[PDB]
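Asks: Please see the structure below; I have some questions.
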Amino acid sequence: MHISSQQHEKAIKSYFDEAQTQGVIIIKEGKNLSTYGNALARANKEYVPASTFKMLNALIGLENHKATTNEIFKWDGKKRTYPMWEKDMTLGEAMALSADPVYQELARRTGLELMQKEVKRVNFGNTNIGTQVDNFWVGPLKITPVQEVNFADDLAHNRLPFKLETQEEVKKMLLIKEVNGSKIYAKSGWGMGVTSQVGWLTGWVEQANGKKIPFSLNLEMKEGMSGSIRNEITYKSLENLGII
Ligand SMILES: *C(=O)[C@@H](NC(=O)/C(=N\OC(C)(C)C(=O)O)c1csc(N)n1)[C@@H]1N=C(C(=O)O)C(=C)CS1
């Protein structure tokens, strides 16, 4: 395929421009990282992981037998931020809905001490979870888009320090799209910040031939933006690059 890199860069930049945001999307092919978008310097800047952290939370909870993948976490009947969360769900259904209350229960079964240890051990982001287990994913923990794409790469290839089966079980929770033979695995994130909001979509493409291409989209979310913009820009970018 004969599109210039200049034209790729301009197309992907324009997807962020057209959404009235600032963002980057990092792509990893083998050992090589590529940075695209309209704010490239976001790539080695730190932001809260927000719900991208559900990936690690799940890994920790399963590895330490705080939950199983078929277990049903019951809605306790209290009003929840979103009505779609007002139902009983497995970790996998909760991942798909990004249901904080399930993931908070799981973090609390894991407990603050074991959670610090696991986060220090996996070297995730700046590895600081502080002293609130229920909610540290508002500071102190932060991570860069480069770190996130490298986390995705690890997970996709079963390199994190967890059992193979723990990693497969979590990967299975992350399937969000199939497109022309390709599978996209990823987790979204939307954090409320200092003065802005961060938007994430971190995962990988599994192509028919088996090659895995990790990515991490990171942009600033604004009032009146739908969450699915993160998806649209991701799919467009990966399509532009011929990854899907
Ligand atoms: C994961 O990212 C979740 N996000 C949050 O709980 C945070 N903020 O979310 C609210 C205030 C609901 C928001 O919509 O901005 C958050 C966590 S740590 C931090 N500093 N802020 C759930 N995930 C998503 C997602 O897209 O994955 C949501 C749409 C909101 S809830």
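By order in the structure tokens, chains are A, B, ...; within a chain, residues start at 1; ligands start at 1, following the order shown.
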Could you give me the residues within 9 Å of ligand 1, counting only C-alpha atoms and all ligand atoms, as a ChimeraX atom specification?
Replies: /A:47-54,81-82,95-100,135-139,187-194,197-201,221,226-228,230
Asks: With N, CA, C and O atoms retained, export the selected residues as a compact mmCIF listing (two decimals), in the first residue's frame.
Replies:
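Saved result, selection.txt, follows:
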# COMPACT_ATOMS: atom_id res chain seq x y z
N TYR A 47 -1.43 10.86 32.98
CA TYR A 47 -2.84 11.08 33.32
C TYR A 47 -3.39 9.92 34.18
O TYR A 47 -2.87 8.76 34.16
N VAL A 48 -4.48 10.17 34.87
CA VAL A 48 -5.04 9.09 35.70
C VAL A 48 -5.48 7.99 34.73
O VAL A 48 -6.03 8.30 33.67
N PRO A 49 -5.33 6.72 35.13
CA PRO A 49 -5.72 5.66 34.25
C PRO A 49 -7.23 5.51 34.09
O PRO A 49 -7.71 4.94 33.08
N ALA A 50 -7.95 6.07 35.05
CA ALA A 50 -9.38 5.91 35.15
C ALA A 50 -9.75 4.42 34.96
O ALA A 50 -9.03 3.57 35.46
N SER A 51 -10.78 4.12 34.19
CA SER A 51 -11.23 2.76 34.02
C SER A 51 -10.33 1.86 33.20
O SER A 51 -10.61 0.66 33.12
N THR A 52 -9.22 2.37 32.65
CA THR A 52 -8.28 1.42 32.02
C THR A 52 -7.76 0.53 33.13
O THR A 52 -7.36 -0.61 32.90
N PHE A 53 -7.80 1.03 34.36
CA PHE A 53 -7.31 0.25 35.48
C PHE A 53 -8.16 -1.02 35.74
O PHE A 53 -7.66 -1.97 36.37
N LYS A 54 -9.41 -1.06 35.25
CA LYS A 54 -10.19 -2.29 35.43
C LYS A 54 -9.46 -3.51 34.92
O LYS A 54 -9.62 -4.58 35.50
N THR A 81 -24.80 5.50 39.42
CA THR A 81 -24.55 6.64 38.60
C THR A 81 -25.27 6.48 37.29
O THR A 81 -25.79 7.44 36.84
N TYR A 82 -25.25 5.29 36.68
CA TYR A 82 -25.95 4.98 35.42
C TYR A 82 -26.93 3.78 35.61
O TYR A 82 -26.60 2.80 36.28
N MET A 95 -16.87 -5.30 32.98
CA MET A 95 -15.81 -4.69 32.16
C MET A 95 -16.46 -3.98 30.98
O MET A 95 -16.15 -2.83 30.67
N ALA A 96 -17.36 -4.70 30.31
CA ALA A 96 -18.02 -4.19 29.11
C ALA A 96 -18.79 -2.91 29.41
O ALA A 96 -18.83 -2.04 28.58
N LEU A 97 -19.44 -2.83 30.57
CA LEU A 97 -20.21 -1.65 30.96
C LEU A 97 -19.40 -0.64 31.74
O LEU A 97 -19.95 0.38 32.21
N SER A 98 -18.14 -0.99 32.02
CA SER A 98 -17.25 -0.18 32.86
C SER A 98 -17.93 0.17 34.18
O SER A 98 -17.86 1.31 34.66
N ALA A 99 -18.50 -0.85 34.81
CA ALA A 99 -19.27 -0.69 36.06
C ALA A 99 -18.42 -0.58 37.29
O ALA A 99 -18.07 -1.62 37.89
N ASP A 100 -18.16 0.66 37.72
CA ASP A 100 -17.29 0.93 38.89
C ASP A 100 -17.68 0.15 40.15
O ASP A 100 -16.83 -0.38 40.82
N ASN A 135 -10.88 3.87 45.34
CA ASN A 135 -10.79 5.03 44.44
C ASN A 135 -9.40 5.67 44.50
O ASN A 135 -9.17 6.57 45.32
N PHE A 136 -8.47 5.16 43.67
CA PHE A 136 -7.15 5.81 43.40
C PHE A 136 -6.79 5.88 41.93
O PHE A 136 -5.67 6.29 41.61
N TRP A 137 -7.74 5.49 41.07
CA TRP A 137 -7.54 5.26 39.63
C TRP A 137 -8.29 6.29 38.79
O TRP A 137 -7.78 6.73 37.75
N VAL A 138 -8.49 9.57 40.30
CA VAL A 138 -8.46 10.84 41.06
C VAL A 138 -7.11 11.08 41.70
O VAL A 138 -6.96 11.96 42.55
N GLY A 139 -6.11 10.31 41.27
CA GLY A 139 -4.76 10.35 41.86
C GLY A 139 -4.77 9.41 43.05
O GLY A 139 -5.86 8.98 43.50
N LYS A 187 -10.10 -1.57 26.48
CA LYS A 187 -10.79 -0.95 27.56
C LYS A 187 -10.75 0.59 27.50
O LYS A 187 -9.67 1.19 27.36
N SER A 188 -11.92 1.18 27.70
CA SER A 188 -12.10 2.62 27.71
C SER A 188 -11.93 3.15 29.08
O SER A 188 -11.96 2.41 30.07
N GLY A 189 -11.68 4.45 29.13
CA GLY A 189 -11.45 5.16 30.39
C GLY A 189 -11.95 6.59 30.21
O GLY A 189 -11.83 7.17 29.11
N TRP A 190 -12.52 7.16 31.27
CA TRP A 190 -12.96 8.55 31.24
C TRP A 190 -12.78 9.11 32.64
O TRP A 190 -13.50 8.77 33.55
N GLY A 191 -11.74 9.89 32.83
CA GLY A 191 -11.43 10.41 34.13
C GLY A 191 -11.72 11.88 34.23
O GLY A 191 -11.55 12.63 33.25
N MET A 192 -12.16 12.30 35.41
CA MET A 192 -12.43 13.72 35.75
C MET A 192 -11.17 14.25 36.41
O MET A 192 -10.57 13.60 37.26
N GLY A 193 -10.71 15.41 36.00
CA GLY A 193 -9.34 15.77 36.34
C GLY A 193 -9.25 17.07 37.09
O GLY A 193 -10.29 17.65 37.45
N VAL A 194 -7.99 17.46 37.36
CA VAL A 194 -7.58 18.82 37.72
C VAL A 194 -8.52 19.88 37.12
O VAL A 194 -9.54 20.24 37.74
N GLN A 197 -10.75 16.65 31.59
CA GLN A 197 -11.09 15.24 31.61
C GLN A 197 -10.31 14.45 30.58
O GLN A 197 -10.25 14.83 29.41
N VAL A 198 -9.78 13.31 30.99
CA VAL A 198 -9.03 12.45 30.08
C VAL A 198 -9.89 11.31 29.54
O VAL A 198 -10.69 10.73 30.24
N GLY A 199 -9.72 11.05 28.27
CA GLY A 199 -10.41 9.96 27.57
C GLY A 199 -9.35 8.95 27.10
O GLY A 199 -8.30 9.37 26.59
N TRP A 200 -9.60 7.65 27.33
CA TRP A 200 -8.72 6.58 26.94
C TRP A 200 -9.43 5.51 26.12
O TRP A 200 -10.61 5.25 26.31
N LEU A 201 -8.68 4.86 25.23
CA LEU A 201 -9.08 3.55 24.72
C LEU A 201 -7.78 2.78 24.38
O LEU A 201 -7.01 3.20 23.51
N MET A 221 -11.56 14.80 26.88
CA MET A 221 -13.01 14.72 26.74
C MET A 221 -13.58 16.10 27.12
O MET A 221 -13.08 16.75 28.04
N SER A 226 -19.75 12.38 23.28
CA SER A 226 -20.12 11.00 23.55
C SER A 226 -18.84 10.15 23.74
O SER A 226 -17.80 10.47 23.19
N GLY A 227 -18.93 9.11 24.55
CA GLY A 227 -17.78 8.27 24.86
C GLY A 227 -17.29 7.54 23.62
O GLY A 227 -16.08 7.24 23.49
N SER A 228 -18.22 7.30 22.70
CA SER A 228 -17.98 6.52 21.51
C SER A 228 -17.12 7.24 20.47
O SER A 228 -16.60 6.63 19.57
N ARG A 230 -14.25 7.99 21.15
CA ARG A 230 -12.96 7.43 21.40
C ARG A 230 -12.78 6.22 20.51
O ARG A 230 -11.73 6.04 19.90
Asks: So that I can check the secondary structure, give me every residue of stretch 17-221 of chain A assigned strand (DSSP E or B) by backbone DSSP, as a PyMOL selection string.
Replies: chain A and resi 23-29+32-37+47+73+89+143+175-179+182-192+197-206+212-221
Asks: Could you write those residues out with C-alpha atoms, as a PDB file, in the first residue's frame?
Replies:
ATOM      1  CA  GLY A  23      -5.371  13.656  21.420  1.00  0.00           C
ATOM      2  CA  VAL A  24      -2.777  11.115  20.551  1.00  0.00           C
ATOM      3  CA  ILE A  25      -2.981   7.477  19.430  1.00  0.00           C
ATOM      4  CA  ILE A  26       0.065   5.285  19.856  1.00  0.00           C
ATOM      5  CA  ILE A  27       0.539   2.184  17.795  1.00  0.00           C
ATOM      6  CA  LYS A  28       3.021  -0.545  18.531  1.00  0.00           C
ATOM      7  CA  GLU A  29       4.289  -2.917  15.732  1.00  0.00           C
ATOM      8  CA  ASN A  32       8.351  -0.072  17.348  1.00  0.00           C
ATOM      9  CA  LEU A  33       6.038   2.669  18.702  1.00  0.00           C
ATOM     10  CA  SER A  34       4.394   5.156  16.426  1.00  0.00           C
ATOM     11  CA  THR A  35       2.608   8.314  17.652  1.00  0.00           C
ATOM     12  CA  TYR A  36      -0.278   9.810  15.630  1.00  0.00           C
ATOM     13  CA  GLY A  37      -2.841  12.548  16.137  1.00  0.00           C
ATOM     14  CA  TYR A  47      -2.843  11.082  33.318  1.00  0.00           C
ATOM     15  CA  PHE A  73     -21.901  -9.593  41.647  1.00  0.00           C
ATOM     16  CA  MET A  89     -23.168  -8.909  36.616  1.00  0.00           C
ATOM     17  CA  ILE A 143       0.235   6.735  33.616  1.00  0.00           C
ATOM     18  CA  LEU A 175     -13.484  -8.097  23.106  1.00  0.00           C
ATOM     19  CA  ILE A 176     -15.398  -5.083  21.814  1.00  0.00           C
ATOM     20  CA  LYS A 177     -15.484  -5.384  18.037  1.00  0.00           C
ATOM     21  CA  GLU A 178     -14.877  -7.702  15.114  1.00  0.00           C
ATOM     22  CA  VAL A 179     -14.129  -6.084  11.757  1.00  0.00           C
ATOM     23  CA  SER A 182      -9.865  -8.654  12.847  1.00  0.00           C
ATOM     24  CA  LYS A 183     -10.718  -8.586  16.533  1.00  0.00           C
ATOM     25  CA  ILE A 184     -10.375  -5.479  18.607  1.00  0.00           C
ATOM     26  CA  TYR A 185      -9.759  -5.941  22.338  1.00  0.00           C
ATOM     27  CA  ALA A 186      -9.718  -2.810  24.470  1.00  0.00           C
ATOM     28  CA  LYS A 187     -10.786  -0.952  27.563  1.00  0.00           C
ATOM     29  CA  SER A 188     -12.099   2.622  27.706  1.00  0.00           C
ATOM     30  CA  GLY A 189     -11.451   5.160  30.389  1.00  0.00           C
ATOM     31  CA  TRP A 190     -12.964   8.545  31.237  1.00  0.00           C
ATOM     32  CA  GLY A 191     -11.426  10.406  34.135  1.00  0.00           C
ATOM     33  CA  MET A 192     -12.426  13.719  35.748  1.00  0.00           C
ATOM     34  CA  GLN A 197     -11.091  15.236  31.612  1.00  0.00           C
ATOM     35  CA  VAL A 198      -9.030  12.446  30.084  1.00  0.00           C
ATOM     36  CA  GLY A 199     -10.409   9.955  27.570  1.00  0.00           C
ATOM     37  CA  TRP A 200      -8.717   6.579  26.938  1.00  0.00           C
ATOM     38  CA  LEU A 201      -9.078   3.546  24.721  1.00  0.00           C
ATOM     39  CA  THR A 202      -6.298   1.020  25.226  1.00  0.00           C
ATOM     40  CA  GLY A 203      -6.144  -2.454  23.710  1.00  0.00           C
ATOM     41  CA  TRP A 204      -4.951  -4.339  20.637  1.00  0.00           C
ATOM     42  CA  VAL A 205      -6.028  -5.566  17.270  1.00  0.00           C
ATOM     43  CA  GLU A 206      -5.809  -9.339  16.742  1.00  0.00           C
ATOM     44  CA  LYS A 212      -1.399  -8.499  17.574  1.00  0.00           C
ATOM     45  CA  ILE A 213      -1.127  -4.727  17.165  1.00  0.00           C
ATOM     46  CA  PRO A 214      -1.447  -2.848  20.453  1.00  0.00           C
ATOM     47  CA  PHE A 215      -2.718   0.758  20.656  1.00  0.00           C
ATOM     48  CA  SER A 216      -3.631   3.432  23.144  1.00  0.00           C
ATOM     49  CA  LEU A 217      -5.781   6.320  22.356  1.00  0.00           C
ATOM     50  CA  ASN A 218      -5.643   9.258  24.788  1.00  0.00           C
ATOM     51  CA  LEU A 219      -7.529  12.508  24.339  1.00  0.00           C
ATOM     52  CA  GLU A 220      -9.268  15.234  26.358  1.00  0.00           C
ATOM     53  CA  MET A 221     -13.007  14.723  26.738  1.00  0.00           C
TER      54      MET A 221
END
Asks: Pick the closest to residue A:126 from A:59, A:114, A:141, A:164: which is it, counting only C-alpha atoms?
Replies: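 Once distances to residue A:126 are computed over only C-alpha atoms, the minimum belongs to A:141.
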Asks: Please, what distance in Å, to one decimal, runs between atom CA of residue A:7 and atom CA of residue A:145?
Replies: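 So the answer is 23.0 Å.
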Asks: Give the alpha helix (DSSP H) residues of stretch 3-244 of chain A, as DSSP finds them on the backbone, and put them as a PyMOL selection string.
Replies: chain A and resi 5-18+54-63+91-97+100-110+112-122+145-156+164-172+229-240
Asks: For the atom pair atom CA of residue A:242 and atom CA of residue A:207, what is the interatomic distance in Å to one decimal place?
Replies: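 Separation of atom CA of residue A:242 and atom CA of residue A:207: 10.9 Å.
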Asks: Distance atom CA of residue A:116-atom CA of residue A:56, one decimal place?
Replies: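 These two atoms are separated by 11.8 Å.
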Asks: In terms of the shortest atom-to-atom distance over only C-alpha atoms, which of A:158, A:46, A:101, A:80 is closest to residue A:124?
Replies: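 The shortest atom-to-atom distance to residue A:124 comes from A:46.
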Asks: Pick out the closest residue to residue A:163 from this set: A:57, A:64, A:5, A:20. Count only C-alpha atoms.
Replies: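 The closest residue to residue A:163 is A:64.
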Asks: So, counting only C-alpha atoms, which residue among A:76, A:18, A:93, A:63 is closest to residue A:173?
Replies: A:93
Asks: With distances taken over only C-alpha atoms, which residue among A:91, A:115, A:239, A:39 lies nearest residue A:131?
Replies: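 When distances to residue A:131 are compared using only C-alpha atoms, the smallest one comes from A:115.
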